[PDB]
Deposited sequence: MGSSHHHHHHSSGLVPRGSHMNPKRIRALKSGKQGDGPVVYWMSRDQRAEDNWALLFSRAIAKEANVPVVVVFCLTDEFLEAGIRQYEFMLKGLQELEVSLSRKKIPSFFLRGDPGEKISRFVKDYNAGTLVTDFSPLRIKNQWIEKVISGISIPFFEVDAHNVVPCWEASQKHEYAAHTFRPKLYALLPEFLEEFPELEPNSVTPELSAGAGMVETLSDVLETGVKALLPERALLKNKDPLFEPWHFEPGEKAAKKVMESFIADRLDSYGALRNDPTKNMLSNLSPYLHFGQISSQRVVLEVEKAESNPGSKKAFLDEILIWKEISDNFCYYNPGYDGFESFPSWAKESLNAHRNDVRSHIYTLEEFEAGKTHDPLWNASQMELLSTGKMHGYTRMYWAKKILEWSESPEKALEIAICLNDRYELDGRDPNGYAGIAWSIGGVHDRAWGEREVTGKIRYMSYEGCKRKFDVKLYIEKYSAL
């Protein structure tokens, strides 16, 4: 079950005498992981062990206790899963560019393998690691069903050009996973404690000093991810087609935090949803979201390295937004007023409070939320900066290609078309308070989140 098009050489070299090392980064799971499975196969043909290495950087300081604890509790459970497969795991601290190089030398590695991410910083680390090693280095796309570089060889302007190219390749690339074969040939607790202490003075607090974040909505880890997948199929999938854009209903999958950390495979989710007997419109709507919209977000970041900037917007949108730079805004809020939910719009404020208290804003209100940031900020650049700052600080699923592609759709028209013409926002598709009012029970959502 090993298609060669899932893997490519980052660097050629002379293979070594030691273990195959899988540098895990994006795909924090033992099951349904093409990068670990390929590493295990290479190790088996060479008659040597496989081992896993993960580098804990100082990036955590830029987000919060909420993401750091979600990731680390998962990693504690993963450490135990890999051990039942007699696969050892090593947890390094510091800059990957230096630390993965040094580990490959200190540990006498034969081959290095990593998983795939289109984000800049991963590419920076790979470049540094390449400069400091002499062994072969491969990349495996463990996150997408169709490998990103195979689905398309260029940036796609719309879902409607990407969709036929991806779907033509599903009969080949959508397949079951083989079982991971076991090997035959300081603590994370201390790291968690130290990290939580370092972040404690910047934690999200109410006026009484009691924390805003509520950790009981999504329990972390590979076993919990699977339980959420299974309850989506049993209890929420049937009504997904009708209710996915109603934020007063809990009818989304709730999978995004697990998908973001790679605690569950999207290919796995697609296999199970394809085989579920349920509402045909719901299945089609859901599969289009997890296949086309998710995988087109990797396409966007992979072929546009300025993906978090105004430069990445399409020309029609840059030309429209530029012409409206001098328009008076109805309101202007600072980062801190947006963050504390202190606008004049109670629907906007409630969306921000759902984000602060749960770490997961409903998908429909994320669109509305980001578009009002544009409408009530000094400039398009300040808008993009504020939405990215709050998305990445407070979403459990943030710092993700879906986030940059979703924010760029909302603010800059990426994967959209010119739609209407207004002051400030020009031809960027508009969404209104009264528009929401006639689609769902706006007052119920506001009451639920203060």
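S.K.: If I number the deposited sequence starting at 1, which residue ranges have no C-alpha coordinates at all?
M.R.: Residues missing from the model, as numbered along the full deposited sequence, span 1-19, 205-215, 481-482.
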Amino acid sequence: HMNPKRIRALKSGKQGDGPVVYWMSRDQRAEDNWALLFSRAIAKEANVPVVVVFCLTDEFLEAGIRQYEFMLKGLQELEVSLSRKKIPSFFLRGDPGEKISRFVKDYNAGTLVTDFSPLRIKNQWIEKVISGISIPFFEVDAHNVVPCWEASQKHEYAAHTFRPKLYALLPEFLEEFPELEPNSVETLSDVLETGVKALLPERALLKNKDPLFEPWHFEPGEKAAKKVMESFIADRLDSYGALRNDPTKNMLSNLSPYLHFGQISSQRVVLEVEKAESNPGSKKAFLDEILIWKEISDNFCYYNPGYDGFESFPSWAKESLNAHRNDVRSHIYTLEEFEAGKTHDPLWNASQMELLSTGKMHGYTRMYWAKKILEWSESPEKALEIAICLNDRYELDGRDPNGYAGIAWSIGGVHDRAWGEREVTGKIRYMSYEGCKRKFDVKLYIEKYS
From here on, numbers count along this sequence of modelled residues.
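Whichever C-alpha set is largest while still superposing within 1.5 Å between the two forms counts as the rigid core.
S.K.: On a core superposition, give the stretch, 195-203 or 334-342, with the larger average C-alpha separation from this form in 6 other deposited structures of this protein (RMS over structures and residues).
M.R.: Of the two stretches, the larger average C-alpha offset in 6 other deposited structures of this protein falls on 195-203.
S.K.: Is 130-138 or 255-263 the stretch whose C-alphas end up farther from this model in 6 other deposited structures of this protein after a rigid core fit?
M.R.: Evaluated in 6 other deposited structures of this protein, the stretch farther from the shown form is 130-138.
S.K.: Which has the higher mean CA temperature factor in the PDB entry, 83-91 or 266-274?
M.R.: Comparing 266-274 with 83-91, the higher mean C-alpha B-factor belongs to 83-91.
S.K.: Please compare 375-383 with 198-206 and name the stretch with the higher mean C-alpha B-factor in the deposited structure.
M.R.: Higher mean C-alpha B-factor: 198-206.
S.K.: Just to confirm, going by the entry's C-alpha B-factors, which of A317, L243, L237, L188 comes out highest?
M.R.: That would be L188, according to the entry.
S.K.: Between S256, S357, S131, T365, let me know which has the highest C-alpha B-factor in the entry?
M.R.: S131 has the highest C-alpha B-factor of those listed.
S.K.: Taking the entry's C-alpha B-factors for this chain, is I290 in the lowest, middle or highest third?
M.R.: It falls in the bottom third of the chain.
S.K.: Determine, from the deposited record, the chain-internal third of the Cα B-factor for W34: lowest, middle or highest.
M.R.: According to the entry, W34 has a C-alpha B-factor in the chain's middle third.
S.K.: Going by the recorded CA B-factors, say which third of the chain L192 sits in, lowest, middle or highest.
M.R.: Answer is highest: the recorded C-alpha B-factor places it there.
S.K.: When the modelled residues of the chain are sorted by Cα temperature factor, does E423 land in the lowest, middle or highest third?
M.R.: Tercile = middle for this residue's CA B-factor.
S.K.: Ordered by C-alpha B-factor within the chain, which third holds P220? Give me lowest, middle or highest, please.
M.R.: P220: CA B-factor falls in the middle third of its chain.
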